[PDB]
file run_25.pdb (PDB, N, CA and C atoms (P, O5', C5', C4', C3', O3' and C1' of nucleotides) and all ligand atoms)
ATOM      1  N   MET A   1     -28.253 157.493 -93.373
ATOM      2  CA  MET A   1     -27.719 156.507 -92.451
ATOM      3  C   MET A   1     -27.397 157.140 -91.096
ATOM      4  N   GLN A   2     -26.575 158.178 -91.144
ATOM      5  CA  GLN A   2     -26.182 158.878 -89.933
ATOM      6  C   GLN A   2     -27.409 159.487 -89.251
ATOM      7  N   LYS A   3     -27.301 159.645 -87.939
ATOM      8  CA  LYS A   3     -28.389 160.212 -87.162
ATOM      9  C   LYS A   3     -28.662 161.639 -87.639
ATOM     10  N   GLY A   4     -27.584 162.327 -87.992
ATOM     11  CA  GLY A   4     -27.694 163.696 -88.465
ATOM     12  C   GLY A   4     -28.585 163.778 -89.707
ATOM     13  N   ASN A   5     -28.750 162.634 -90.354
ATOM     14  CA  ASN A   5     -29.572 162.564 -91.550
ATOM     15  C   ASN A   5     -30.986 163.044 -91.222
ATOM     16  N   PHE A   6     -31.427 162.704 -90.019
ATOM     17  CA  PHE A   6     -32.753 163.094 -89.572
ATOM     18  C   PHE A   6     -32.901 164.616 -89.549
ATOM     19  N   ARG A   7     -31.765 165.289 -89.657
ATOM     20  CA  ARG A   7     -31.754 166.743 -89.652
ATOM     21  C   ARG A   7     -32.561 167.284 -90.833
ATOM     22  N   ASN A   8     -32.870 166.389 -91.758
ATOM     23  CA  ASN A   8     -33.635 166.762 -92.935
ATOM     24  C   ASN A   8     -34.987 167.330 -92.502
ATOM     25  N   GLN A   9     -35.324 167.077 -91.246
ATOM     26  CA  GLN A   9     -36.582 167.554 -90.696
ATOM     27  C   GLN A   9     -36.690 169.072 -90.860
ATOM     28  N   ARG A  10     -35.532 169.715 -90.898
ATOM     29  CA  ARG A  10     -35.484 171.159 -91.050
ATOM     30  C   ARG A  10     -36.243 171.587 -92.308
ATOM     31  N   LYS A  11     -36.369 170.646 -93.233
ATOM     32  CA  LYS A  11     -37.067 170.910 -94.479
ATOM     33  C   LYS A  11     -38.064 169.783 -94.750
ATOM     34  N   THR A  12     -38.734 169.362 -93.687
ATOM     35  CA  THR A  12     -39.715 168.295 -93.797
ATOM     36  C   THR A  12     -39.025 166.929 -93.759
ATOM     37  N   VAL A  13     -39.457 166.109 -92.811
ATOM     38  CA  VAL A  13     -38.893 164.780 -92.658
ATOM     39  C   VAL A  13     -39.793 163.763 -93.363
ATOM     40  N   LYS A  14     -39.434 162.497 -93.209
ATOM     41  CA  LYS A  14     -40.197 161.424 -93.823
ATOM     42  C   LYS A  14     -40.600 160.410 -92.749
ATOM     43  N   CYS A  15     -41.886 160.407 -92.436
ATOM     44  CA  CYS A  15     -42.410 159.496 -91.433
ATOM     45  C   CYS A  15     -42.371 158.077 -92.003
ATOM     46  N   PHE A  16     -41.557 157.243 -91.373
ATOM     47  CA  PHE A  16     -41.418 155.863 -91.805
ATOM     48  C   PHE A  16     -42.540 154.993 -91.236
ATOM     49  N   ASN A  17     -43.570 155.664 -90.739
ATOM     50  CA  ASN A  17     -44.710 154.968 -90.164
ATOM     51  C   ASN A  17     -45.948 155.231 -91.022
ATOM     52  N   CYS A  18     -46.274 156.507 -91.160
ATOM     53  CA  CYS A  18     -47.427 156.905 -91.948
ATOM     54  C   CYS A  18     -46.960 157.184 -93.377
ATOM     55  N   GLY A  19     -45.708 157.603 -93.486
ATOM     56  CA  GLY A  19     -45.130 157.907 -94.783
ATOM     57  C   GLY A  19     -45.115 159.415 -95.037
ATOM     58  N   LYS A  20     -46.132 160.081 -94.511
ATOM     59  CA  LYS A  20     -46.246 161.521 -94.673
ATOM     60  C   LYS A  20     -44.894 162.173 -94.376
ATOM     61  N   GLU A  21     -44.820 163.463 -94.662
ATOM     62  CA  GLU A  21     -43.596 164.213 -94.432
ATOM     63  C   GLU A  21     -43.853 165.363 -93.456
ATOM     64  N   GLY A  22     -42.773 165.835 -92.851
ATOM     65  CA  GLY A  22     -42.867 166.927 -91.897
ATOM     66  C   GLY A  22     -42.565 166.444 -90.477
ATOM     67  N   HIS A  23     -42.900 165.186 -90.232
ATOM     68  CA  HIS A  23     -42.673 164.592 -88.925
ATOM     69  C   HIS A  23     -42.227 163.138 -89.093
ATOM     70  N   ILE A  24     -41.884 162.524 -87.970
ATOM     71  CA  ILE A  24     -41.440 161.141 -87.979
ATOM     72  C   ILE A  24     -42.350 160.311 -87.070
ATOM     73  N   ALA A  25     -42.343 159.008 -87.309
ATOM     74  CA  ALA A  25     -43.160 158.100 -86.523
ATOM     75  C   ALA A  25     -42.886 158.331 -85.036
ATOM     76  N   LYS A  26     -41.618 158.556 -84.730
ATOM     77  CA  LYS A  26     -41.210 158.792 -83.354
ATOM     78  C   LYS A  26     -42.248 159.681 -82.664
ATOM     79  N   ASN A  27     -42.909 160.499 -83.472
ATOM     80  CA  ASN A  27     -43.925 161.400 -82.955
ATOM     81  C   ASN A  27     -44.966 161.668 -84.045
ATOM     82  N   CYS A  28     -45.566 160.588 -84.523
ATOM     83  CA  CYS A  28     -46.576 160.692 -85.562
ATOM     84  C   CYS A  28     -47.844 161.286 -84.942
ATOM     85  N   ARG A  29     -48.547 162.067 -85.749
ATOM     86  CA  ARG A  29     -49.775 162.699 -85.295
ATOM     87  C   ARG A  29     -50.980 161.814 -85.621
ATOM     88  N   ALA A  30     -50.690 160.546 -85.877
ATOM     89  CA  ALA A  30     -51.735 159.591 -86.201
ATOM     90  C   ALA A  30     -52.603 159.349 -84.965
ATOM     91  N   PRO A  31     -53.883 159.798 -85.062
ATOM     92  CA  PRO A  31     -54.819 159.636 -83.963
ATOM     93  C   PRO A  31     -55.298 158.188 -83.860
ATOM     94  N   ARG A  32     -54.333 157.279 -83.839
ATOM     95  CA  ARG A  32     -54.641 155.862 -83.743
ATOM     96  C   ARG A  32     -54.271 155.331 -82.356
ATOM     97  N   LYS A  33     -54.983 154.292 -81.947
ATOM     98  CA  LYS A  33     -54.741 153.684 -80.649
ATOM     99  C   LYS A  33     -53.812 152.480 -80.820
ATOM    100  N   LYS A  34     -54.263 151.535 -81.632
ATOM    101  CA  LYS A  34     -53.487 150.335 -81.889
ATOM    102  C   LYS A  34     -54.091 149.586 -83.078
ATOM    103  N   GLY A  35     -53.292 149.464 -84.128
ATOM    104  CA  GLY A  35     -53.733 148.775 -85.328
ATOM    105  C   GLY A  35     -52.538 148.311 -86.165
ATOM    106  N   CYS A  36     -52.782 147.284 -86.967
ATOM    107  CA  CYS A  36     -51.740 146.737 -87.819
ATOM    108  C   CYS A  36     -51.508 147.708 -88.978
ATOM    109  N   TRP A  37     -50.373 148.389 -88.920
ATOM    110  CA  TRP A  37     -50.021 149.347 -89.954
ATOM    111  C   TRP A  37     -49.272 148.598 -91.057
ATOM    112  N   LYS A  38     -49.326 147.278 -90.974
ATOM    113  CA  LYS A  38     -48.659 146.437 -91.955
ATOM    114  C   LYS A  38     -49.681 145.959 -92.988
ATOM    115  N   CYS A  39     -50.871 145.644 -92.495
ATOM    116  CA  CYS A  39     -51.938 145.174 -93.361
ATOM    117  C   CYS A  39     -52.990 146.282 -93.470
ATOM    118  N   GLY A  40     -53.290 146.883 -92.329
ATOM    119  CA  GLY A  40     -54.273 147.952 -92.283
ATOM    120  C   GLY A  40     -55.512 147.525 -91.494
ATOM    121  N   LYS A  41     -55.296 146.604 -90.567
ATOM    122  CA  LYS A  41     -56.381 146.103 -89.741
ATOM    123  C   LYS A  41     -56.141 146.511 -88.288
ATOM    124  N   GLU A  42     -57.026 147.365 -87.792
ATOM    125  CA  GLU A  42     -56.922 147.839 -86.422
ATOM    126  C   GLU A  42     -57.274 146.718 -85.444
ATOM    127  N   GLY A  43     -56.754 146.849 -84.231
ATOM    128  CA  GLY A  43     -57.006 145.858 -83.198
ATOM    129  C   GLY A  43     -55.737 145.066 -82.880
ATOM    130  N   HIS A  44     -54.894 144.924 -83.893
ATOM    131  CA  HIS A  44     -53.648 144.194 -83.735
ATOM    132  C   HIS A  44     -52.497 145.012 -84.321
ATOM    133  N   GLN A  45     -51.316 144.410 -84.306
ATOM    134  CA  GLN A  45     -50.133 145.069 -84.831
ATOM    135  C   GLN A  45     -49.400 144.145 -85.806
ATOM    136  N   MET A  46     -48.423 144.718 -86.495
ATOM    137  CA  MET A  46     -47.642 143.961 -87.458
ATOM    138  C   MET A  46     -47.033 142.716 -86.812
ATOM    139  N   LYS A  47     -46.421 142.927 -85.655
ATOM    140  CA  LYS A  47     -45.796 141.836 -84.929
ATOM    141  C   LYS A  47     -46.850 140.775 -84.605
ATOM    142  N   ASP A  48     -48.107 141.177 -84.729
ATOM    143  CA  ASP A  48     -49.212 140.275 -84.454
ATOM    144  C   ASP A  48     -50.115 140.192 -85.687
ATOM    145  N   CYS A  49     -49.501 140.385 -86.845
ATOM    146  CA  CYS A  49     -50.236 140.335 -88.098
ATOM    147  C   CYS A  49     -50.589 138.877 -88.390
ATOM    148  N   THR A  50     -51.705 138.698 -89.083
ATOM    149  CA  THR A  50     -52.163 137.364 -89.434
ATOM    150  C   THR A  50     -51.551 136.922 -90.766
ATOM    151  N   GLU A  51     -51.215 137.910 -91.582
ATOM    152  CA  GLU A  51     -50.623 137.638 -92.881
ATOM    153  C   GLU A  51     -49.151 138.057 -92.890
ATOM    154  N   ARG A  52     -48.403 137.493 -91.954
ATOM    155  CA  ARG A  52     -46.987 137.797 -91.844
ATOM    156  C   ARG A  52     -46.157 136.725 -92.555
ATOM    157  N   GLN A  53     -46.094 136.846 -93.872
ATOM    158  CA  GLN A  53     -45.341 135.900 -94.676
ATOM    159  C   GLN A  53     -45.504 134.484 -94.119
ATOM    160  N   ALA A  54     -46.755 134.118 -93.877
ATOM    161  CA  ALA A  54     -47.059 132.799 -93.347
ATOM    162  C   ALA A  54     -47.983 132.064 -94.319
ATOM    163  N   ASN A  55     -47.494 130.936 -94.812
ATOM    164  CA  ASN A  55     -48.262 130.131 -95.748
ATOM    165  C   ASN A  55     -49.021 129.048 -94.979
TER     166      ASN A  55
ATOM    167  P     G B   1     -34.105 173.156 -79.081
ATOM    168  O5'   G B   1     -34.595 173.644 -77.638
ATOM    169  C5'   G B   1     -34.048 174.828 -77.063
ATOM    170  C4'   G B   1     -34.979 175.366 -75.999
ATOM    171  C3'   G B   1     -35.486 174.315 -75.015
ATOM    172  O3'   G B   1     -34.570 174.202 -73.929
ATOM    173  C1'   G B   1     -37.110 175.880 -75.613
ATOM    174  P     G B   2     -34.310 172.777 -73.249
ATOM    175  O5'   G B   2     -35.758 172.366 -72.707
ATOM    176  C5'   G B   2     -36.132 172.675 -71.366
ATOM    177  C4'   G B   2     -37.629 172.873 -71.276
ATOM    178  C3'   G B   2     -38.423 171.586 -71.072
ATOM    179  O3'   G B   2     -38.305 171.167 -69.712
ATOM    180  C1'   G B   2     -39.626 173.188 -72.265
ATOM    181  P     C B   3     -38.017 169.630 -69.372
ATOM    182  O5'   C B   3     -39.462 168.956 -69.501
ATOM    183  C5'   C B   3     -40.445 169.175 -68.492
ATOM    184  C4'   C B   3     -41.783 169.474 -69.127
ATOM    185  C3'   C B   3     -42.590 168.236 -69.508
ATOM    186  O3'   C B   3     -43.284 167.751 -68.362
ATOM    187  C1'   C B   3     -42.821 169.942 -71.082
ATOM    188  P     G B   4     -43.153 166.214 -67.938
ATOM    189  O5'   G B   4     -44.565 165.599 -68.372
ATOM    190  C5'   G B   4     -45.732 166.417 -68.364
ATOM    191  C4'   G B   4     -46.589 166.112 -69.571
ATOM    192  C3'   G B   4     -46.447 164.689 -70.102
ATOM    193  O3'   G B   4     -46.999 163.774 -69.159
ATOM    194  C1'   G B   4     -46.957 166.091 -71.896
ATOM    195  P     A B   5     -47.375 162.286 -69.611
ATOM    196  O5'   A B   5     -48.966 162.346 -69.764
ATOM    197  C5'   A B   5     -49.644 161.378 -70.562
ATOM    198  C4'   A B   5     -49.190 161.483 -72.000
ATOM    199  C3'   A B   5     -48.407 160.272 -72.503
ATOM    200  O3'   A B   5     -49.130 159.081 -72.199
ATOM    201  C1'   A B   5     -48.191 161.995 -74.061
ATOM    202  P     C B   6     -48.355 157.796 -71.642
ATOM    203  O5'   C B   6     -48.219 156.869 -72.938
ATOM    204  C5'   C B   6     -49.153 156.998 -74.008
ATOM    205  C4'   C B   6     -48.421 157.231 -75.311
ATOM    206  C3'   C B   6     -47.516 156.081 -75.742
ATOM    207  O3'   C B   6     -48.309 155.048 -76.328
ATOM    208  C1'   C B   6     -46.551 158.134 -76.284
ATOM    209  P     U B   7     -48.332 153.588 -75.675
ATOM    210  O5'   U B   7     -47.343 152.757 -76.618
ATOM    211  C5'   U B   7     -47.629 152.621 -78.009
ATOM    212  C4'   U B   7     -46.452 153.098 -78.831
ATOM    213  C3'   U B   7     -45.203 152.227 -78.707
ATOM    214  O3'   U B   7     -45.474 150.934 -79.240
ATOM    215  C1'   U B   7     -44.445 154.392 -79.135
ATOM    216  P     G B   8     -44.746 149.647 -78.626
ATOM    217  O5'   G B   8     -43.205 149.909 -78.963
ATOM    218  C5'   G B   8     -42.779 150.008 -80.321
ATOM    219  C4'   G B   8     -41.419 150.663 -80.393
ATOM    220  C3'   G B   8     -40.251 149.723 -80.109
ATOM    221  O3'   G B   8     -39.777 149.172 -81.335
ATOM    222  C1'   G B   8     -40.003 151.852 -79.187
ATOM    223  P     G B   9     -39.797 147.588 -81.562
ATOM    224  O5'   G B   9     -41.063 147.377 -82.517
ATOM    225  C5'   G B   9     -40.904 147.439 -83.934
ATOM    226  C4'   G B   9     -41.634 148.644 -84.486
ATOM    227  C3'   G B   9     -41.965 149.711 -83.447
ATOM    228  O3'   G B   9     -41.258 150.909 -83.757
ATOM    229  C1'   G B   9     -43.662 149.785 -85.047
ATOM    230  P     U B  10     -39.659 150.910 -83.783
ATOM    231  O5'   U B  10     -39.318 151.960 -84.941
ATOM    232  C5'   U B  10     -38.099 152.700 -84.896
ATOM    233  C4'   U B  10     -38.340 154.059 -84.277
ATOM    234  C3'   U B  10     -38.185 154.096 -82.760
ATOM    235  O3'   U B  10     -37.299 155.154 -82.399
ATOM    236  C1'   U B  10     -40.168 155.175 -83.344
ATOM    237  P     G B  11     -35.789 154.827 -81.983
ATOM    238  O5'   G B  11     -35.057 156.240 -82.149
ATOM    239  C5'   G B  11     -35.519 157.172 -83.125
ATOM    240  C4'   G B  11     -34.440 157.426 -84.154
ATOM    241  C3'   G B  11     -33.993 158.882 -84.252
ATOM    242  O3'   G B  11     -32.597 158.969 -83.976
ATOM    243  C1'   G B  11     -34.902 158.007 -86.214
ATOM    244  P     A B  12     -31.952 160.370 -83.552
ATOM    245  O5'   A B  12     -31.041 159.982 -82.295
ATOM    246  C5'   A B  12     -31.426 158.908 -81.440
ATOM    247  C4'   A B  12     -32.824 159.138 -80.914
ATOM    248  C3'   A B  12     -32.942 160.295 -79.927
ATOM    249  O3'   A B  12     -32.203 161.412 -80.416
ATOM    250  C1'   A B  12     -35.001 159.198 -79.969
ATOM    251  P     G B  13     -31.752 162.574 -79.411
ATOM    252  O5'   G B  13     -33.144 163.228 -78.969
ATOM    253  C5'   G B  13     -33.874 164.037 -79.890
ATOM    254  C4'   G B  13     -35.350 163.718 -79.804
ATOM    255  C3'   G B  13     -36.232 164.907 -79.435
ATOM    256  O3'   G B  13     -36.234 165.846 -80.509
ATOM    257  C1'   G B  13     -37.262 162.851 -79.041
ATOM    258  P     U B  14     -35.703 167.337 -80.270
ATOM    259  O5'   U B  14     -36.680 168.217 -81.180
ATOM    260  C5'   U B  14     -37.450 167.597 -82.207
ATOM    261  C4'   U B  14     -38.912 167.577 -81.820
ATOM    262  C3'   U B  14     -39.538 168.959 -81.651
ATOM    263  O3'   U B  14     -40.326 169.267 -82.796
ATOM    264  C1'   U B  14     -40.465 167.350 -80.238
ATOM    265  P     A B  15     -39.717 170.171 -83.969
ATOM    266  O5'   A B  15     -40.736 169.927 -85.178
ATOM    267  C5'   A B  15     -42.104 170.304 -85.045
ATOM    268  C4'   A B  15     -42.926 169.677 -86.148
ATOM    269  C3'   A B  15     -44.415 169.560 -85.836
ATOM    270  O3'   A B  15     -45.135 170.537 -86.586
ATOM    271  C1'   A B  15     -43.522 167.406 -85.880
ATOM    272  P     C B  16     -46.033 171.625 -85.831
ATOM    273  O5'   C B  16     -46.903 170.736 -84.823
ATOM    274  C5'   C B  16     -47.784 169.737 -85.332
ATOM    275  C4'   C B  16     -48.440 168.992 -84.192
ATOM    276  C3'   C B  16     -49.310 169.860 -83.289
ATOM    277  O3'   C B  16     -50.631 169.926 -83.824
ATOM    278  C1'   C B  16     -48.428 167.963 -82.258
ATOM    279  P     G B  17     -51.418 171.318 -83.843
ATOM    280  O5'   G B  17     -51.375 171.776 -82.311
ATOM    281  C5'   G B  17     -52.400 171.357 -81.412
ATOM    282  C4'   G B  17     -51.956 171.567 -79.982
ATOM    283  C3'   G B  17     -51.749 173.029 -79.595
ATOM    284  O3'   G B  17     -53.017 173.676 -79.493
ATOM    285  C1'   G B  17     -50.510 171.560 -78.270
ATOM    286  P     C B  18     -53.140 175.243 -79.788
ATOM    287  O5'   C B  18     -52.246 175.899 -78.635
ATOM    288  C5'   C B  18     -52.786 176.073 -77.326
ATOM    289  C4'   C B  18     -51.669 176.146 -76.309
ATOM    290  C3'   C B  18     -50.823 177.411 -76.391
ATOM    291  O3'   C B  18     -51.577 178.520 -75.904
ATOM    292  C1'   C B  18     -49.488 175.630 -75.691
ATOM    293  P     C B  19     -51.534 179.919 -76.678
ATOM    294  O5'   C B  19     -50.298 180.671 -75.993
ATOM    295  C5'   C B  19     -50.375 181.070 -74.627
ATOM    296  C4'   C B  19     -48.994 181.096 -74.014
ATOM    297  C3'   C B  19     -47.986 181.963 -74.765
ATOM    298  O3'   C B  19     -48.113 183.324 -74.328
ATOM    299  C1'   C B  19     -46.961 179.903 -74.373
TER     300        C B  19
HETATM  301 ZN    ZN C   1     -46.421 160.008 -89.212
HETATM  302 ZN    ZN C   2     -51.961 142.704 -89.698
END

call {"tool": "encode", "arguments": {"input": "run_25.pdb", "output": "structure tokens", "more": "lines below"}}
Ligand SMILES: [Zn+2]
Ligand SMILES: [Zn+2]
result
Amino acid sequence: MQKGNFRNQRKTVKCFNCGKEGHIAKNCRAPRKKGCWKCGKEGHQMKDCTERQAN
RNA sequence: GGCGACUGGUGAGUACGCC
């Protein structure tokens, strides 16, 4: 919860974007330009996802 | 450490790159 929690990076962090460890989304090494990391469709984003809990 | 880039869908910045 605390910001200091991120200090876990000292022993590998948890990227809440890619999921990988060692780094954080804040600075993910994902060589991506722009894509929906919610569905997995490049060109758009989650905020612009087509399957966003919409019936 | 600094910077750059970025995204903020991003912990706030340094995992990357370099020295
Ligand atoms: Zn990542
Ligand atoms: Zn989508």

call {"tool": "resolve_selection", "arguments": {"input": "run_25.pdb", "expression": "the PyMOL selection byres ((chain A) within 7 of (chain B))", "output": "PyMOL selection string"}}
result
chain A and resi 3-4+6+22-27+29+33

call {"tool": "residues_near_ligand", "arguments": {"input": "run_25.pdb", "ligand": "ligand ZN 2 (chain C)", "cutoff": "7 Å", "atoms": "only N, CA and C atoms (P, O5', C5', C4', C3', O3' and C1' of nucleotides) and all ligand atoms", "output": "PDB file with N, CA and C atoms, in the coordinates of the input"}}
result
ATOM      1  N   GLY A  35     -53.292 149.464 -84.128  1.00  0.00           N
ATOM      2  CA  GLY A  35     -53.733 148.775 -85.328  1.00  0.00           C
ATOM      3  C   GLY A  35     -52.538 148.311 -86.165  1.00  0.00           C
ATOM      4  N   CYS A  36     -52.782 147.284 -86.967  1.00  0.00           N
ATOM      5  CA  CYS A  36     -51.740 146.737 -87.819  1.00  0.00           C
ATOM      6  C   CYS A  36     -51.508 147.708 -88.978  1.00  0.00           C
ATOM      7  N   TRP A  37     -50.373 148.389 -88.920  1.00  0.00           N
ATOM      8  CA  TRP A  37     -50.021 149.347 -89.954  1.00  0.00           C
ATOM      9  C   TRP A  37     -49.272 148.598 -91.057  1.00  0.00           C
ATOM     10  N   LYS A  38     -49.326 147.278 -90.974  1.00  0.00           N
ATOM     11  CA  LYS A  38     -48.659 146.437 -91.955  1.00  0.00           C
ATOM     12  C   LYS A  38     -49.681 145.959 -92.988  1.00  0.00           C
ATOM     13  N   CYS A  39     -50.871 145.644 -92.495  1.00  0.00           N
ATOM     14  CA  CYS A  39     -51.938 145.174 -93.361  1.00  0.00           C
ATOM     15  C   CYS A  39     -52.990 146.282 -93.470  1.00  0.00           C
ATOM     16  N   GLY A  40     -53.290 146.883 -92.329  1.00  0.00           N
ATOM     17  CA  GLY A  40     -54.273 147.952 -92.283  1.00  0.00           C
ATOM     18  C   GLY A  40     -55.512 147.525 -91.494  1.00  0.00           C
ATOM     19  N   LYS A  41     -55.296 146.604 -90.567  1.00  0.00           N
ATOM     20  CA  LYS A  41     -56.381 146.103 -89.741  1.00  0.00           C
ATOM     21  C   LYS A  41     -56.141 146.511 -88.288  1.00  0.00           C
ATOM     22  N   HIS A  44     -54.894 144.924 -83.893  1.00  0.00           N
ATOM     23  CA  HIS A  44     -53.648 144.194 -83.735  1.00  0.00           C
ATOM     24  C   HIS A  44     -52.497 145.012 -84.321  1.00  0.00           C
ATOM     25  N   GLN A  45     -51.316 144.410 -84.306  1.00  0.00           N
ATOM     26  CA  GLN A  45     -50.133 145.069 -84.831  1.00  0.00           C
ATOM     27  C   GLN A  45     -49.400 144.145 -85.806  1.00  0.00           C
ATOM     28  N   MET A  46     -48.423 144.718 -86.495  1.00  0.00           N
ATOM     29  CA  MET A  46     -47.642 143.961 -87.458  1.00  0.00           C
ATOM     30  C   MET A  46     -47.033 142.716 -86.812  1.00  0.00           C
ATOM     31  N   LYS A  47     -46.421 142.927 -85.655  1.00  0.00           N
ATOM     32  CA  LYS A  47     -45.796 141.836 -84.929  1.00  0.00           C
ATOM     33  C   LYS A  47     -46.850 140.775 -84.605  1.00  0.00           C
ATOM     34  N   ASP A  48     -48.107 141.177 -84.729  1.00  0.00           N
ATOM     35  CA  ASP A  48     -49.212 140.275 -84.454  1.00  0.00           C
ATOM     36  C   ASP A  48     -50.115 140.192 -85.687  1.00  0.00           C
ATOM     37  N   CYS A  49     -49.501 140.385 -86.845  1.00  0.00           N
ATOM     38  CA  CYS A  49     -50.236 140.335 -88.098  1.00  0.00           C
ATOM     39  C   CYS A  49     -50.589 138.877 -88.390  1.00  0.00           C
ATOM     40  N   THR A  50     -51.705 138.698 -89.083  1.00  0.00           N
ATOM     41  CA  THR A  50     -52.163 137.364 -89.434  1.00  0.00           C
ATOM     42  C   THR A  50     -51.551 136.922 -90.766  1.00  0.00           C
ATOM     43  N   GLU A  51     -51.215 137.910 -91.582  1.00  0.00           N
ATOM     44  CA  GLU A  51     -50.623 137.638 -92.881  1.00  0.00           C
ATOM     45  C   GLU A  51     -49.151 138.057 -92.890  1.00  0.00           C
ATOM     46  N   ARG A  52     -48.403 137.493 -91.954  1.00  0.00           N
ATOM     47  CA  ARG A  52     -46.987 137.797 -91.844  1.00  0.00           C
ATOM     48  C   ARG A  52     -46.157 136.725 -92.555  1.00  0.00           C
TER      49      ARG A  52
END

call {"tool": "select_by_dssp", "arguments": {"input": "run_25.pdb", "residues": "chain A", "states": "strand (DSSP E or B)", "output": "ChimeraX atom specification"}}
result
/A:14,21,35-36,41-42

call {"tool": "atom_distance", "arguments": {"input": "run_25.pdb", "atom1": "CA of residue 15 in chain A", "atom2": "CA of residue 28 in chain A"}}
result
7.3 Å

call {"tool": "atom_distance", "arguments": {"input": "run_25.pdb", "atom1": "atom C of residue 14 in chain A", "atom2": "atom N of residue 31 in chain A"}}
result
15.4 Å

call {"tool": "atom_distance", "arguments": {"input": "run_25.pdb", "atom1": "CA of residue 12 in chain A", "atom2": "atom N of residue 32 in chain A"}}
result
20.8 Å
